[PDB]
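Dropping input-v3.pdb in here (PDB, C-alpha atoms and all ligand atoms):
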ATOM      1  CA  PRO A   1      15.465 -45.473-219.702  1.00  0.00           C
ATOM      2  CA  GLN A   2      16.121 -41.870-218.771  1.00  0.00           C
ATOM      3  CA  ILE A   3      14.169 -39.833-221.303  1.00  0.00           C
ATOM      4  CA  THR A   4      15.153 -36.283-222.068  1.00  0.00           C
ATOM      5  CA  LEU A   5      12.422 -33.867-223.138  1.00  0.00           C
ATOM      6  CA  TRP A   6      13.873 -32.067-226.145  1.00  0.00           C
ATOM      7  CA  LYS A   7      11.265 -33.913-228.226  1.00  0.00           C
ATOM      8  CA  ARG A   8       7.923 -35.513-227.296  1.00  0.00           C
ATOM      9  CA  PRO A   9       8.535 -38.551-225.085  1.00  0.00           C
ATOM     10  CA  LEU A  10       7.019 -41.135-227.335  1.00  0.00           C
ATOM     11  CA  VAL A  11       7.060 -44.874-226.683  1.00  0.00           C
ATOM     12  CA  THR A  12       5.735 -47.940-228.417  1.00  0.00           C
ATOM     13  CA  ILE A  13       2.618 -49.560-226.995  1.00  0.00           C
ATOM     14  CA  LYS A  14       0.501 -52.612-227.782  1.00  0.00           C
ATOM     15  CA  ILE A  15      -3.246 -52.461-227.233  1.00  0.00           C
ATOM     16  CA  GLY A  16      -5.986 -54.661-228.767  1.00  0.00           C
ATOM     17  CA  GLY A  17      -3.109 -56.551-230.326  1.00  0.00           C
ATOM     18  CA  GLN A  18      -1.982 -53.482-232.262  1.00  0.00           C
ATOM     19  CA  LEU A  19       1.280 -51.563-232.088  1.00  0.00           C
ATOM     20  CA  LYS A  20       0.998 -47.817-231.668  1.00  0.00           C
ATOM     21  CA  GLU A  21       3.040 -44.856-230.558  1.00  0.00           C
ATOM     22  CA  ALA A  22       1.986 -42.984-227.421  1.00  0.00           C
ATOM     23  CA  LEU A  23       3.034 -39.969-225.376  1.00  0.00           C
ATOM     24  CA  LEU A  24       4.248 -40.427-221.786  1.00  0.00           C
ATOM     25  CA  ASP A  25       2.246 -37.610-220.204  1.00  0.00           C
ATOM     26  CA  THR A  26       2.718 -36.680-216.545  1.00  0.00           C
ATOM     27  CA  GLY A  27       0.000 -33.976-216.899  1.00  0.00           C
ATOM     28  CA  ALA A  28      -2.657 -36.552-217.857  1.00  0.00           C
ATOM     29  CA  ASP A  29      -4.638 -38.223-215.085  1.00  0.00           C
ATOM     30  CA  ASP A  30      -5.894 -40.949-217.420  1.00  0.00           C
ATOM     31  CA  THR A  31      -4.776 -42.950-220.469  1.00  0.00           C
ATOM     32  CA  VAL A  32      -6.535 -42.018-223.712  1.00  0.00           C
ATOM     33  CA  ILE A  33      -6.101 -43.784-227.054  1.00  0.00           C
ATOM     34  CA  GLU A  34      -7.239 -42.598-230.513  1.00  0.00           C
ATOM     35  CA  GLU A  35     -10.460 -44.069-231.862  1.00  0.00           C
ATOM     36  CA  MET A  36     -10.143 -47.799-232.499  1.00  0.00           C
ATOM     37  CA  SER A  37     -12.161 -50.933-232.212  1.00  0.00           C
ATOM     38  CA  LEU A  38     -11.589 -52.621-228.849  1.00  0.00           C
ATOM     39  CA  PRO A  39     -13.526 -55.696-227.694  1.00  0.00           C
ATOM     40  CA  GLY A  40     -15.292 -55.609-224.386  1.00  0.00           C
ATOM     41  CA  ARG A  41     -17.745 -53.775-222.188  1.00  0.00           C
ATOM     42  CA  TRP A  42     -17.299 -50.060-221.749  1.00  0.00           C
ATOM     43  CA  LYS A  43     -19.052 -47.055-220.291  1.00  0.00           C
ATOM     44  CA  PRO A  44     -19.253 -43.456-221.497  1.00  0.00           C
ATOM     45  CA  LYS A  45     -17.165 -40.733-219.853  1.00  0.00           C
ATOM     46  CA  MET A  46     -16.241 -37.116-220.581  1.00  0.00           C
ATOM     47  CA  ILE A  47     -12.703 -35.894-219.961  1.00  0.00           C
ATOM     48  CA  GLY A  48     -11.407 -32.355-219.946  1.00  0.00           C
ATOM     49  CA  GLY A  49      -8.342 -30.961-221.667  1.00  0.00           C
ATOM     50  CA  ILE A  50      -6.918 -27.529-222.315  1.00  0.00           C
ATOM     51  CA  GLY A  51      -9.313 -26.908-225.241  1.00  0.00           C
ATOM     52  CA  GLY A  52     -12.476 -28.401-223.724  1.00  0.00           C
ATOM     53  CA  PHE A  53     -13.996 -31.847-223.320  1.00  0.00           C
ATOM     54  CA  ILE A  54     -14.247 -35.036-225.302  1.00  0.00           C
ATOM     55  CA  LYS A  55     -16.499 -38.049-224.919  1.00  0.00           C
ATOM     56  CA  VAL A  56     -14.669 -41.356-224.518  1.00  0.00           C
ATOM     57  CA  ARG A  57     -15.379 -45.054-224.045  1.00  0.00           C
ATOM     58  CA  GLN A  58     -13.995 -46.243-220.715  1.00  0.00           C
ATOM     59  CA  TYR A  59     -12.667 -49.795-220.765  1.00  0.00           C
ATOM     60  CA  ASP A  60     -11.746 -51.312-217.386  1.00  0.00           C
ATOM     61  CA  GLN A  61      -9.152 -54.039-216.865  1.00  0.00           C
ATOM     62  CA  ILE A  62      -7.589 -53.760-220.328  1.00  0.00           C
ATOM     63  CA  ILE A  63      -4.280 -55.398-221.099  1.00  0.00           C
ATOM     64  CA  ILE A  64      -1.770 -52.949-222.508  1.00  0.00           C
ATOM     65  CA  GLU A  65       2.011 -53.040-222.974  1.00  0.00           C
ATOM     66  CA  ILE A  66       4.036 -49.855-222.585  1.00  0.00           C
ATOM     67  CA  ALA A  67       7.672 -49.833-223.736  1.00  0.00           C
ATOM     68  CA  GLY A  68       7.785 -53.586-222.940  1.00  0.00           C
ATOM     69  CA  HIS A  69       6.043 -53.330-219.625  1.00  0.00           C
ATOM     70  CA  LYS A  70       2.959 -55.526-219.428  1.00  0.00           C
ATOM     71  CA  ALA A  71       0.143 -53.721-217.688  1.00  0.00           C
ATOM     72  CA  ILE A  72      -3.558 -53.934-216.865  1.00  0.00           C
ATOM     73  CA  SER A  73      -5.530 -50.762-216.336  1.00  0.00           C
ATOM     74  CA  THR A  74      -8.422 -48.535-217.386  1.00  0.00           C
ATOM     75  CA  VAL A  75      -8.074 -47.256-220.955  1.00  0.00           C
ATOM     76  CA  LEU A  76     -10.188 -44.518-222.487  1.00  0.00           C
ATOM     77  CA  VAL A  77     -10.829 -44.520-226.266  1.00  0.00           C
ATOM     78  CA  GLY A  78     -11.914 -41.372-228.089  1.00  0.00           C
ATOM     79  CA  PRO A  79     -11.088 -38.457-230.329  1.00  0.00           C
ATOM     80  CA  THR A  80      -7.791 -37.450-228.825  1.00  0.00           C
ATOM     81  CA  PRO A  81      -5.322 -35.960-231.267  1.00  0.00           C
ATOM     82  CA  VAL A  82      -2.483 -38.143-229.883  1.00  0.00           C
ATOM     83  CA  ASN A  83      -2.308 -41.417-227.893  1.00  0.00           C
ATOM     84  CA  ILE A  84      -1.648 -40.477-224.255  1.00  0.00           C
ATOM     85  CA  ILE A  85      -0.238 -42.606-221.445  1.00  0.00           C
ATOM     86  CA  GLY A  86      -1.322 -40.978-218.223  1.00  0.00           C
ATOM     87  CA  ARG A  87      -0.546 -41.340-214.549  1.00  0.00           C
ATOM     88  CA  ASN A  88      -2.536 -44.531-214.088  1.00  0.00           C
ATOM     89  CA  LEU A  89      -0.074 -46.366-216.324  1.00  0.00           C
ATOM     90  CA  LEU A  90       3.015 -44.228-215.578  1.00  0.00           C
ATOM     91  CA  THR A  91       2.677 -45.458-212.001  1.00  0.00           C
ATOM     92  CA  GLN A  92       2.455 -49.070-213.208  1.00  0.00           C
ATOM     93  CA  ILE A  93       5.660 -48.851-215.120  1.00  0.00           C
ATOM     94  CA  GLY A  94       7.396 -47.102-212.176  1.00  0.00           C
ATOM     95  CA  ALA A  95       8.036 -43.784-213.883  1.00  0.00           C
ATOM     96  CA  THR A  96       9.400 -40.761-212.057  1.00  0.00           C
ATOM     97  CA  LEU A  97      10.116 -37.167-213.105  1.00  0.00           C
ATOM     98  CA  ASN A  98      13.609 -36.232-212.007  1.00  0.00           C
ATOM     99  CA  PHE A  99      15.435 -32.910-211.893  1.00  0.00           C
TER     100      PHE A  99
ATOM    101  CA  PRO B   1      14.101 -34.356-206.572  1.00  0.00           C
ATOM    102  CA  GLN B   2      12.375 -37.441-207.997  1.00  0.00           C
ATOM    103  CA  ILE B   3       8.592 -37.047-208.260  1.00  0.00           C
ATOM    104  CA  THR B   4       6.351 -40.128-208.319  1.00  0.00           C
ATOM    105  CA  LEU B   5       3.038 -39.963-210.188  1.00  0.00           C
ATOM    106  CA  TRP B   6       0.551 -41.316-207.653  1.00  0.00           C
ATOM    107  CA  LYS B   7      -0.600 -37.665-207.343  1.00  0.00           C
ATOM    108  CA  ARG B   8      -0.557 -34.782-209.847  1.00  0.00           C
ATOM    109  CA  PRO B   9       3.039 -33.527-210.078  1.00  0.00           C
ATOM    110  CA  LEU B  10       2.403 -30.090-208.642  1.00  0.00           C
ATOM    111  CA  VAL B  11       5.172 -27.696-207.726  1.00  0.00           C
ATOM    112  CA  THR B  12       5.459 -24.054-206.663  1.00  0.00           C
ATOM    113  CA  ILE B  13       6.524 -21.619-209.343  1.00  0.00           C
ATOM    114  CA  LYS B  14       7.339 -17.894-209.321  1.00  0.00           C
ATOM    115  CA  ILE B  15       6.286 -15.819-212.284  1.00  0.00           C
ATOM    116  CA  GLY B  16       5.812 -12.059-212.447  1.00  0.00           C
ATOM    117  CA  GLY B  17       7.143 -12.094-208.864  1.00  0.00           C
ATOM    118  CA  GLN B  18       4.101 -14.084-207.763  1.00  0.00           C
ATOM    119  CA  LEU B  19       3.967 -17.568-206.294  1.00  0.00           C
ATOM    120  CA  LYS B  20       1.638 -20.064-207.925  1.00  0.00           C
ATOM    121  CA  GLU B  21       1.185 -23.841-208.133  1.00  0.00           C
ATOM    122  CA  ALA B  22       1.717 -25.593-211.451  1.00  0.00           C
ATOM    123  CA  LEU B  23       1.724 -28.954-213.093  1.00  0.00           C
ATOM    124  CA  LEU B  24       4.919 -30.484-214.426  1.00  0.00           C
ATOM    125  CA  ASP B  25       3.680 -31.825-217.736  1.00  0.00           C
ATOM    126  CA  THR B  26       5.814 -33.928-220.091  1.00  0.00           C
ATOM    127  CA  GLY B  27       2.865 -34.101-222.515  1.00  0.00           C
ATOM    128  CA  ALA B  28       2.849 -30.298-222.974  1.00  0.00           C
ATOM    129  CA  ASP B  29       5.018 -28.818-225.714  1.00  0.00           C
ATOM    130  CA  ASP B  30       4.814 -25.333-224.198  1.00  0.00           C
ATOM    131  CA  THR B  31       4.205 -23.607-220.851  1.00  0.00           C
ATOM    132  CA  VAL B  32       0.835 -21.960-220.248  1.00  0.00           C
ATOM    133  CA  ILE B  33      -0.227 -20.022-217.180  1.00  0.00           C
ATOM    134  CA  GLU B  34      -3.734 -18.980-216.192  1.00  0.00           C
ATOM    135  CA  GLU B  35      -4.736 -15.414-217.062  1.00  0.00           C
ATOM    136  CA  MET B  36      -2.745 -12.934-214.988  1.00  0.00           C
ATOM    137  CA  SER B  37      -1.220  -9.474-215.204  1.00  0.00           C
ATOM    138  CA  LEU B  38       2.269  -9.953-216.542  1.00  0.00           C
ATOM    139  CA  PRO B  39       4.432  -7.031-217.775  1.00  0.00           C
ATOM    140  CA  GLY B  40       6.113  -7.190-221.149  1.00  0.00           C
ATOM    141  CA  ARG B  41       5.375  -7.293-224.859  1.00  0.00           C
ATOM    142  CA  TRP B  42       3.418 -10.242-226.202  1.00  0.00           C
ATOM    143  CA  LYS B  43       1.780 -11.561-229.305  1.00  0.00           C
ATOM    144  CA  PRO B  44      -1.223 -13.770-229.888  1.00  0.00           C
ATOM    145  CA  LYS B  45      -0.904 -17.512-230.481  1.00  0.00           C
ATOM    146  CA  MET B  46      -3.048 -20.589-230.631  1.00  0.00           C
ATOM    147  CA  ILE B  47      -2.167 -23.788-228.744  1.00  0.00           C
ATOM    148  CA  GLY B  48      -3.958 -27.088-229.067  1.00  0.00           C
ATOM    149  CA  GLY B  49      -4.851 -29.824-226.680  1.00  0.00           C
ATOM    150  CA  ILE B  50      -7.664 -32.287-226.074  1.00  0.00           C
ATOM    151  CA  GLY B  51     -10.924 -30.629-226.868  1.00  0.00           C
ATOM    152  CA  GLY B  52      -9.474 -28.084-229.264  1.00  0.00           C
ATOM    153  CA  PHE B  53      -7.237 -25.013-229.327  1.00  0.00           C
ATOM    154  CA  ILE B  54      -7.199 -21.883-227.111  1.00  0.00           C
ATOM    155  CA  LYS B  55      -5.881 -18.421-227.919  1.00  0.00           C
ATOM    156  CA  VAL B  56      -3.132 -17.169-225.617  1.00  0.00           C
ATOM    157  CA  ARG B  57      -0.591 -14.402-225.151  1.00  0.00           C
ATOM    158  CA  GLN B  58       2.963 -15.370-226.034  1.00  0.00           C
ATOM    159  CA  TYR B  59       5.648 -13.723-223.932  1.00  0.00           C
ATOM    160  CA  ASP B  60       9.243 -14.209-225.067  1.00  0.00           C
ATOM    161  CA  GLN B  61      12.200 -14.307-222.659  1.00  0.00           C
ATOM    162  CA  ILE B  62      10.299 -14.390-219.370  1.00  0.00           C
ATOM    163  CA  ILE B  63      12.027 -15.125-216.108  1.00  0.00           C
ATOM    164  CA  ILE B  64      10.387 -17.985-214.248  1.00  0.00           C
ATOM    165  CA  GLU B  65      11.319 -20.144-211.274  1.00  0.00           C
ATOM    166  CA  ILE B  66      10.236 -23.767-211.038  1.00  0.00           C
ATOM    167  CA  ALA B  67      10.619 -25.565-207.721  1.00  0.00           C
ATOM    168  CA  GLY B  68      13.599 -23.331-206.923  1.00  0.00           C
ATOM    169  CA  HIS B  69      15.164 -23.620-210.398  1.00  0.00           C
ATOM    170  CA  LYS B  70      15.390 -20.372-212.329  1.00  0.00           C
ATOM    171  CA  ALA B  71      14.963 -20.295-216.054  1.00  0.00           C
ATOM    172  CA  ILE B  72      14.215 -17.899-218.902  1.00  0.00           C
ATOM    173  CA  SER B  73      11.888 -18.994-221.628  1.00  0.00           C
ATOM    174  CA  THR B  74       8.745 -18.432-223.584  1.00  0.00           C
ATOM    175  CA  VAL B  75       5.631 -18.345-221.439  1.00  0.00           C
ATOM    176  CA  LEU B  76       2.070 -18.382-222.707  1.00  0.00           C
ATOM    177  CA  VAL B  77      -0.782 -16.777-220.795  1.00  0.00           C
ATOM    178  CA  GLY B  78      -4.440 -17.611-221.443  1.00  0.00           C
ATOM    179  CA  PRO B  79      -7.616 -19.413-220.363  1.00  0.00           C
ATOM    180  CA  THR B  80      -5.995 -22.673-219.434  1.00  0.00           C
ATOM    181  CA  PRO B  81      -7.768 -24.651-216.669  1.00  0.00           C
ATOM    182  CA  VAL B  82      -4.553 -25.215-214.744  1.00  0.00           C
ATOM    183  CA  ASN B  83      -1.005 -23.777-214.778  1.00  0.00           C
ATOM    184  CA  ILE B  84       1.172 -26.024-216.922  1.00  0.00           C
ATOM    185  CA  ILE B  85       4.924 -26.316-217.077  1.00  0.00           C
ATOM    186  CA  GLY B  86       5.808 -27.864-220.465  1.00  0.00           C
ATOM    187  CA  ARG B  87       8.886 -29.326-222.136  1.00  0.00           C
ATOM    188  CA  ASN B  88      10.292 -25.982-223.129  1.00  0.00           C
ATOM    189  CA  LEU B  89      10.943 -25.281-219.419  1.00  0.00           C
ATOM    190  CA  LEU B  90      11.370 -28.898-218.231  1.00  0.00           C
ATOM    191  CA  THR B  91      14.395 -29.162-220.494  1.00  0.00           C
ATOM    192  CA  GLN B  92      15.803 -25.926-219.092  1.00  0.00           C
ATOM    193  CA  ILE B  93      15.769 -27.263-215.516  1.00  0.00           C
ATOM    194  CA  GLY B  94      17.245 -30.607-216.606  1.00  0.00           C
ATOM    195  CA  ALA B  95      14.178 -32.738-215.992  1.00  0.00           C
ATOM    196  CA  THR B  96      13.949 -36.274-217.324  1.00  0.00           C
ATOM    197  CA  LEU B  97      11.297 -38.974-217.248  1.00  0.00           C
ATOM    198  CA  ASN B  98      12.737 -42.181-215.818  1.00  0.00           C
ATOM    199  CA  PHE B  99      11.475 -45.769-215.730  1.00  0.00           C
TER     200      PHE B  99
HETATM  201  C1  LIG C   1      -6.562 -36.984-219.575  1.00  0.00           C
HETATM  202  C2  LIG C   1      -6.241 -35.867-220.582  1.00  0.00           C
HETATM  203  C3  LIG C   1      -5.437 -36.369-221.587  1.00  0.00           C
HETATM  204  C4  LIG C   1      -7.514 -35.448-221.151  1.00  0.00           C
HETATM  205  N1  LIG C   1      -5.654 -34.793-219.850  1.00  0.00           N
HETATM  206  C5  LIG C   1      -5.388 -33.574-220.288  1.00  0.00           C
HETATM  207  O1  LIG C   1      -5.612 -33.163-221.422  1.00  0.00           O
HETATM  208  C6  LIG C   1      -4.754 -32.670-219.271  1.00  0.00           C
HETATM  209  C7  LIG C   1      -5.676 -31.530-218.965  1.00  0.00           C
HETATM  210  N2  LIG C   1      -5.253 -30.464-218.027  1.00  0.00           N
HETATM  211  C8  LIG C   1      -6.283 -29.521-217.590  1.00  0.00           C
HETATM  212  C9  LIG C   1      -7.519 -30.114-216.904  1.00  0.00           C
HETATM  213  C10 LIG C   1      -8.747 -29.852-217.462  1.00  0.00           C
HETATM  214  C11 LIG C   1      -9.859 -30.370-216.819  1.00  0.00           C
HETATM  215  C12 LIG C   1      -9.668 -31.146-215.672  1.00  0.00           C
HETATM  216  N3  LIG C   1      -8.471 -31.472-215.036  1.00  0.00           N
HETATM  217  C13 LIG C   1      -7.396 -30.886-215.741  1.00  0.00           C
HETATM  218  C14 LIG C   1      -4.091 -29.909-218.554  1.00  0.00           C
HETATM  219  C15 LIG C   1      -3.013 -30.916-218.930  1.00  0.00           C
HETATM  220  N4  LIG C   1      -3.512 -32.020-219.814  1.00  0.00           N
HETATM  221  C16 LIG C   1      -2.378 -32.918-220.057  1.00  0.00           C
HETATM  222  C17 LIG C   1      -1.696 -32.636-221.398  1.00  0.00           C
HETATM  223  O2  LIG C   1      -0.456 -33.200-221.116  1.00  0.00           O
HETATM  224  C18 LIG C   1      -2.219 -33.299-222.686  1.00  0.00           C
HETATM  225  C19 LIG C   1      -1.552 -32.910-224.009  1.00  0.00           C
HETATM  226  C20 LIG C   1      -2.085 -33.773-225.166  1.00  0.00           C
HETATM  227  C21 LIG C   1      -1.537 -33.427-226.490  1.00  0.00           C
HETATM  228  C22 LIG C   1      -0.186 -33.522-226.799  1.00  0.00           C
HETATM  229  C23 LIG C   1       0.273 -33.199-228.065  1.00  0.00           C
HETATM  230  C24 LIG C   1      -0.671 -32.768-229.012  1.00  0.00           C
HETATM  231  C25 LIG C   1      -2.030 -32.668-228.709  1.00  0.00           C
HETATM  232  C26 LIG C   1      -2.465 -33.006-227.430  1.00  0.00           C
HETATM  233  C27 LIG C   1      -1.755 -31.445-224.343  1.00  0.00           C
HETATM  234  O3  LIG C   1      -2.839 -30.873-224.199  1.00  0.00           O
HETATM  235  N5  LIG C   1      -0.684 -30.810-224.811  1.00  0.00           N
HETATM  236  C28 LIG C   1      -0.823 -29.542-225.521  1.00  0.00           C
HETATM  237  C29 LIG C   1      -0.382 -28.315-224.658  1.00  0.00           C
HETATM  238  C30 LIG C   1      -0.535 -27.998-223.348  1.00  0.00           C
HETATM  239  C31 LIG C   1      -0.001 -26.831-222.821  1.00  0.00           C
HETATM  240  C32 LIG C   1       0.711 -25.921-223.606  1.00  0.00           C
HETATM  241  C33 LIG C   1       0.913 -26.142-224.972  1.00  0.00           C
HETATM  242  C34 LIG C   1       0.404 -27.292-225.517  1.00  0.00           C
HETATM  243  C35 LIG C   1       0.353 -27.958-226.867  1.00  0.00           C
HETATM  244  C36 LIG C   1       0.160 -29.452-226.682  1.00  0.00           C
HETATM  245  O4  LIG C   1       1.403 -30.083-226.382  1.00  0.00           O
HETATM  246 CL    CL C   2     -10.122 -49.643-236.110  1.00  0.00          CL
END
Please rewrite the model in this file as structure tokens.
Amino acid sequence: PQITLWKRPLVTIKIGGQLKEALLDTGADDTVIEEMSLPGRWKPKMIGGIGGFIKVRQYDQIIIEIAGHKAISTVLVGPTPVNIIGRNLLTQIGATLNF
Amino acid sequence: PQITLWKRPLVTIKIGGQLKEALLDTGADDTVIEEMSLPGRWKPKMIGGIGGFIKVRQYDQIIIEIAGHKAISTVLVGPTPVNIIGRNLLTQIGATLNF
């Protein structure tokens, strides 16, 4: 699709076998999902936003589907106020910002 | 142009007559610029991101140029880590997210 930006560019994702809504975020380097149970090994990380930092669980090689695109990438899980799809996955689905 | 997302989507902006670099951010509702001297009336506001909220100066009806595209909009100024161009201005220059 070509997504206009009058509202938040939200898409449906599947992660850990669960359907969720997430924000396509060109300003985010990484993909960060709200606190959930996810199976697998992980390692701690801290990531920085506009209001400071949060601690997350970094999961490598996680299967995730984004607006029907089947992907495999690193997914961070932590106390983000919104599910965020960042550049690591925007690149996998071939997204571009056009003007 | 059409900007891929292998790298941060950084562009040159002009604000207050001064050239700066900024991030085109579809995940940002608003536009927030690092602390700078900008003429004009303003009022305080809070904006929230990962990590919490920050207090900024809200300037209404500010002229700004984004990668050669002029626009007039609300611009926030405060202790943001990076200059961010949000949806309020992305929509004004006709930007879309495509995949
Ligand atoms: C990987 C991670 C997600 C942590 N990235 C960010 O938070 C980066 C941080 N940098 C900075 C950075 C910090 C440290 C290291 N490298 C980079 C600045 C830009 N953000 C990207 C933003 O797009 C993220 C969104 C998330 C969000 C959306 C809706 C509601 C809550 C949170 C964001 O912060 N948006 C907020 C926002 C932003 C600007 C203006 C107004 C508003 C309101 C709101 O839309
Ligand atoms: Cl859960």
Do you have the atom CA of residue 65 of chain B-atom CA of residue 38 of chain B distance handy?
14.6 Å
Mind checking which residues fall within 12 Å of segment 43-54 of chain B, counting only C-alpha atoms, ignoring those fewer than 4 positions away in the same chain, and posting them as a PDB file with C-alpha atoms, in the frame of the given file?
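Listing of out_21.pdb after writing:
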ATOM      1  CA  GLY A  27       0.000 -33.976-216.899  1.00  0.00           C
ATOM      2  CA  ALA A  28      -2.657 -36.552-217.857  1.00  0.00           C
ATOM      3  CA  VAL A  32      -6.535 -42.018-223.712  1.00  0.00           C
ATOM      4  CA  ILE A  33      -6.101 -43.784-227.054  1.00  0.00           C
ATOM      5  CA  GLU A  34      -7.239 -42.598-230.513  1.00  0.00           C
ATOM      6  CA  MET A  46     -16.241 -37.116-220.581  1.00  0.00           C
ATOM      7  CA  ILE A  47     -12.703 -35.894-219.961  1.00  0.00           C
ATOM      8  CA  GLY A  48     -11.407 -32.355-219.946  1.00  0.00           C
ATOM      9  CA  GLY A  49      -8.342 -30.961-221.667  1.00  0.00           C
ATOM     10  CA  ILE A  50      -6.918 -27.529-222.315  1.00  0.00           C
ATOM     11  CA  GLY A  51      -9.313 -26.908-225.241  1.00  0.00           C
ATOM     12  CA  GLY A  52     -12.476 -28.401-223.724  1.00  0.00           C
ATOM     13  CA  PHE A  53     -13.996 -31.847-223.320  1.00  0.00           C
ATOM     14  CA  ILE A  54     -14.247 -35.036-225.302  1.00  0.00           C
ATOM     15  CA  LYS A  55     -16.499 -38.049-224.919  1.00  0.00           C
ATOM     16  CA  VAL A  56     -14.669 -41.356-224.518  1.00  0.00           C
ATOM     17  CA  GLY A  78     -11.914 -41.372-228.089  1.00  0.00           C
ATOM     18  CA  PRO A  79     -11.088 -38.457-230.329  1.00  0.00           C
ATOM     19  CA  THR A  80      -7.791 -37.450-228.825  1.00  0.00           C
ATOM     20  CA  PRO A  81      -5.322 -35.960-231.267  1.00  0.00           C
ATOM     21  CA  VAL A  82      -2.483 -38.143-229.883  1.00  0.00           C
ATOM     22  CA  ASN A  83      -2.308 -41.417-227.893  1.00  0.00           C
ATOM     23  CA  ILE A  84      -1.648 -40.477-224.255  1.00  0.00           C
TER      24      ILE A  84
ATOM     25  CA  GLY B  27       2.865 -34.101-222.515  1.00  0.00           C
ATOM     26  CA  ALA B  28       2.849 -30.298-222.974  1.00  0.00           C
ATOM     27  CA  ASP B  29       5.018 -28.818-225.714  1.00  0.00           C
ATOM     28  CA  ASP B  30       4.814 -25.333-224.198  1.00  0.00           C
ATOM     29  CA  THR B  31       4.205 -23.607-220.851  1.00  0.00           C
ATOM     30  CA  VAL B  32       0.835 -21.960-220.248  1.00  0.00           C
ATOM     31  CA  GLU B  34      -3.734 -18.980-216.192  1.00  0.00           C
ATOM     32  CA  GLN B  58       2.963 -15.370-226.034  1.00  0.00           C
ATOM     33  CA  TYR B  59       5.648 -13.723-223.932  1.00  0.00           C
ATOM     34  CA  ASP B  60       9.243 -14.209-225.067  1.00  0.00           C
ATOM     35  CA  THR B  74       8.745 -18.432-223.584  1.00  0.00           C
ATOM     36  CA  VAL B  75       5.631 -18.345-221.439  1.00  0.00           C
ATOM     37  CA  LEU B  76       2.070 -18.382-222.707  1.00  0.00           C
ATOM     38  CA  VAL B  77      -0.782 -16.777-220.795  1.00  0.00           C
ATOM     39  CA  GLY B  78      -4.440 -17.611-221.443  1.00  0.00           C
ATOM     40  CA  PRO B  79      -7.616 -19.413-220.363  1.00  0.00           C
ATOM     41  CA  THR B  80      -5.995 -22.673-219.434  1.00  0.00           C
ATOM     42  CA  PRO B  81      -7.768 -24.651-216.669  1.00  0.00           C
TER      43      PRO B  81
END
How would you write as a ChimeraX atom specification the residues that get within 10 Å of (16.8, -34.0, -217.6) in the file's frame, counting only C-alpha atoms?
/A:2-6,97-99 /B:90-98
Please return, as JSON, numbers by chain, all polymer residues that have at least one atom within 8 Å of the point (10.4, -25.0, -206.5); use only C-alpha atoms and the file's own coordinate frame.
{"B": [11, 12, 13, 65, 66, 67, 68, 69]}
On this structure, which residues satisfy the PyMOL selection byres (((not hetatm)) within 9 of (chain C and resi 2)), written as a PyMOL selection string?
chain A and resi 35-38
Residues just named, written with C-alpha atoms as a PDB file, keeping the file's coordinate frame:
ATOM      1  CA  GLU A  35     -10.460 -44.069-231.862  1.00  0.00           C
ATOM      2  CA  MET A  36     -10.143 -47.799-232.499  1.00  0.00           C
ATOM      3  CA  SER A  37     -12.161 -50.933-232.212  1.00  0.00           C
ATOM      4  CA  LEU A  38     -11.589 -52.621-228.849  1.00  0.00           C
TER       5      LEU A  38
END
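Each of A:64, A:23, A:10, A:71 was checked against ligand LIG 1 (chain C) using only C-alpha atoms and all ligand atoms; the smallest atom-to-atom distance is that of A:23.
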Which residue is closest to ligand LIG 1 (chain C)? Choose from A:70, A:57, A:87, A:14 and count only C-alpha atoms and all ligand atoms.
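Ranking A:70, A:57, A:87, A:14 by distance to ligand LIG 1 (chain C), first place goes to A:87.
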Between B:15, B:7, B:25, B:61, single out the one closest to chain A, counting all atoms listed in the file.
B:25
Have a look at atom CA of residue 9 of chain A and atom CA of residue 24 of chain A and let me know their distance in Å, one decimal.
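We find that atom CA of residue 9 of chain A and atom CA of residue 24 of chain A lie 5.7 Å from each other.
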Given 3 Å on each side, where is the centre and what are the edge lengths in Å to one decimal of the axis-aligned box enclosing the listed atoms of ligand LIG 1 (chain C), as lines of an AutoDock Vina configuration file?
center_x = -4.2
center_y = -31.5
center_z = -222.0
size_x = 17.3
size_y = 17.1
size_z = 20.0
Just give me the gap between atom CA of residue 40 of chain A and atom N5 of ligand LIG 1 (chain C) in Å, one decimal is fine.
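These atoms are spaced 28.8 Å apart.
Nearest to ligand LIG 1 (chain C) of all the residues B:63, B:26, B:88, B:72 is B:26, based on all atoms listed in the file.
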The residue from B:16, B:86, B:1, B:39 with the smallest atom-to-atom distance to chain A, counting all atoms listed in the file, is B:1
For ligand LIG 1 (chain C), which of A:21, A:73, A:62, A:8 is the closest residue, counting only C-alpha atoms and all ligand atoms?
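Answer, going by the shortest atom-to-atom distance: A:8.
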Save segment 15-26 of chain A to disk from that block, C-alpha atoms included, as a PDB file, in the first residue's frame.
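To be explicit, this is the file written out as result01.pdb:
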ATOM      1  CA  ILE A  15       4.239 -12.403  16.848  1.00  0.00           C
ATOM      2  CA  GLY A  16       4.405 -15.386  19.251  1.00  0.00           C
ATOM      3  CA  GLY A  17       1.295 -16.560  17.455  1.00  0.00           C
ATOM      4  CA  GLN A  18      -0.646 -13.482  18.550  1.00  0.00           C
ATOM      5  CA  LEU A  19      -2.240 -10.747  16.468  1.00  0.00           C
ATOM      6  CA  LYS A  20      -1.396  -7.194  17.443  1.00  0.00           C
ATOM      7  CA  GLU A  21      -1.427  -3.707  16.026  1.00  0.00           C
ATOM      8  CA  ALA A  22       1.887  -1.921  15.498  1.00  0.00           C
ATOM      9  CA  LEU A  23       3.197   1.432  14.309  1.00  0.00           C
ATOM     10  CA  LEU A  24       5.338   1.634  11.156  1.00  0.00           C
ATOM     11  CA  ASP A  25       8.040   3.935  12.517  1.00  0.00           C
ATOM     12  CA  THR A  26      10.798   5.274  10.264  1.00  0.00           C
TER      13      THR A  26
END
